[PDB]
Amino acid sequence: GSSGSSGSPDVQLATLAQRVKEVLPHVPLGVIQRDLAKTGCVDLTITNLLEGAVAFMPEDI
């Protein structure tokens with residue numbers, strides 16, 4: 001049980017948008033953040049972007 005980097009225990013949207021972005025910088029963060037919510041998996045996002053993969057939705061009055 002070891003880790004490369006010191007240790008950054010954070011899996012927030014940012015942390016995600018980072019990766020997904022790191023792979024696809026072109027795509028905006030605003031959409032990414034959402035696209036992520038549409039699923040919740042960097043890998044997924046990639047595909048979603050590639051094709052579509054859209055479902056679920058948040059709430060807010």
# chains A, B, ... in the order shown; residues from 1 in each chain; ligands from 1
>>> residues_around(residues="residue A:54", least_positions_apart="5", cutoff="8 Å", atoms="only C-alpha atoms", output="PyMOL selection string")
chain A and resi 35+38-39+48
>>> write_last_selection(atoms="N, CA, C and O atoms", output="compact mmCIF listing (two decimals), in the first residue's frame")
# COMPACT_ATOMS: atom_id res chain seq x y z
N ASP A 35 -20.80 17.63 -18.03
CA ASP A 35 -20.67 16.32 -18.65
C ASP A 35 -20.34 15.29 -17.57
O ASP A 35 -20.82 14.16 -17.63
N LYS A 38 -23.23 14.37 -15.71
CA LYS A 38 -24.05 13.51 -16.55
C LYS A 38 -23.70 12.05 -16.28
O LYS A 38 -24.50 11.16 -16.55
N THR A 39 -22.50 11.85 -15.76
CA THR A 39 -22.04 10.51 -15.45
C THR A 39 -21.28 10.50 -14.11
O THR A 39 -21.88 10.31 -13.06
N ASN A 48 -18.36 10.15 -23.83
CA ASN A 48 -19.48 11.06 -23.95
C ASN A 48 -19.14 12.15 -24.98
O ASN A 48 -19.91 12.39 -25.90
>>> residues_around(residues="residue A:53", least_positions_apart="4", cutoff="12 Å", atoms="only C-alpha atoms", output="MDAnalysis selection string")
chainID A and resid 35:41 43:49
>>> select_by_dssp(residues="stretch 15-56 of chain A", states="helix (DSSP H, G or I)", output="VMD selection string")
chain A and resid 15 to 23 29 to 38 42 to 50
>>> write_last_selection(atoms="C-alpha atoms", output="mmCIF file, in the first residue's frame")
data_model
loop_
_atom_site.group_PDB
_atom_site.id
_atom_site.type_symbol
_atom_site.label_atom_id
_atom_site.label_comp_id
_atom_site.auth_asym_id
_atom_site.auth_seq_id
_atom_site.Cartn_x
_atom_site.Cartn_y
_atom_site.Cartn_z
ATOM 1 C CA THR A 15 -9.906 17.188 -9.731
ATOM 2 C CA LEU A 16 -11.942 15.465 -12.416
ATOM 3 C CA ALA A 17 -12.366 18.324 -14.860
ATOM 4 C CA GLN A 18 -8.595 18.399 -14.559
ATOM 5 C CA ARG A 19 -7.992 14.909 -15.894
ATOM 6 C CA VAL A 20 -10.768 14.867 -18.466
ATOM 7 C CA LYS A 21 -9.393 18.241 -19.493
ATOM 8 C CA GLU A 22 -5.797 17.068 -19.373
ATOM 9 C CA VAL A 23 -6.832 14.581 -22.032
ATOM 10 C CA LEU A 29 -14.470 23.223 -18.310
ATOM 11 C CA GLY A 30 -18.003 24.533 -17.956
ATOM 12 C CA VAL A 31 -19.318 21.732 -20.135
ATOM 13 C CA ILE A 32 -16.929 19.192 -18.663
ATOM 14 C CA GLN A 33 -18.105 19.953 -15.146
ATOM 15 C CA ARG A 34 -21.599 19.236 -16.414
ATOM 16 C CA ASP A 35 -20.668 16.325 -18.647
ATOM 17 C CA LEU A 36 -19.117 14.827 -15.536
ATOM 18 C CA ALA A 37 -22.366 15.244 -13.638
ATOM 19 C CA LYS A 38 -24.050 13.513 -16.554
ATOM 20 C CA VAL A 42 -13.312 10.571 -16.465
ATOM 21 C CA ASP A 43 -13.288 7.670 -18.895
ATOM 22 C CA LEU A 44 -17.008 8.078 -19.451
ATOM 23 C CA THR A 45 -16.646 11.785 -20.123
ATOM 24 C CA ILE A 46 -14.102 11.075 -22.832
ATOM 25 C CA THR A 47 -16.537 8.785 -24.609
ATOM 26 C CA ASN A 48 -19.485 11.065 -23.951
ATOM 27 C CA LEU A 49 -17.535 13.813 -25.675
ATOM 28 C CA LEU A 50 -16.529 11.449 -28.454
#
